[PDB]
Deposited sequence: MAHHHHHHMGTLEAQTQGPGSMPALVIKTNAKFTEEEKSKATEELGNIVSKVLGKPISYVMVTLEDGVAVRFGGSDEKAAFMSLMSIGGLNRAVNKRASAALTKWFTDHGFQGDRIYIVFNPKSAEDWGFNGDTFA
């Protein structure tokens, strides 16, 4: 799981400072669970999004975790990312996490691809 990117959407409304802290902390979580250095970790966080999950528009979050190229790692990543949100008052079953792995030739960085 190299070059990971975590894209987050939530209907919660965060201050600018809350988002700055969130991208740091969620990025550090990604770095830790995937065993990748923080220098390649990308995090995007969009708040104030209209979200409905299970028919309810209560607080919820949608996340996609993308990376270059695992049952075990996915479970640890799901748990750790979900814990950041439950630590901030979200119900865990309203945290939707999807994983999108990619081949090196499908990842652009620094104007090139790693293939």
What ranges of the deposited sequence, counted from 1, have no C-alpha atoms in this structure? 1-19, 89-90
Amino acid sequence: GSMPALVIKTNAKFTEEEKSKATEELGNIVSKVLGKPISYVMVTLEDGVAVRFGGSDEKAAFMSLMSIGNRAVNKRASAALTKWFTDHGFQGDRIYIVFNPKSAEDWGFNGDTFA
From here on, numbers count along this sequence of modelled residues.
In the PDB record, does 103-111 or 16-24 carry the higher mean Cα temperature factor? 103-111
Highest mean C-alpha temperature factor of the two stretches 40-48 and 74-82, which is it? 74-82
Per the entry, which of 29, 60, 65, 68 tops the list for Cα B factor? 68
Entry-reported C-alpha B-factor of residue 54 relative to its chain, by third, is lowest
Residue 5 CA temperature factor, ranked by third within the chain: middle
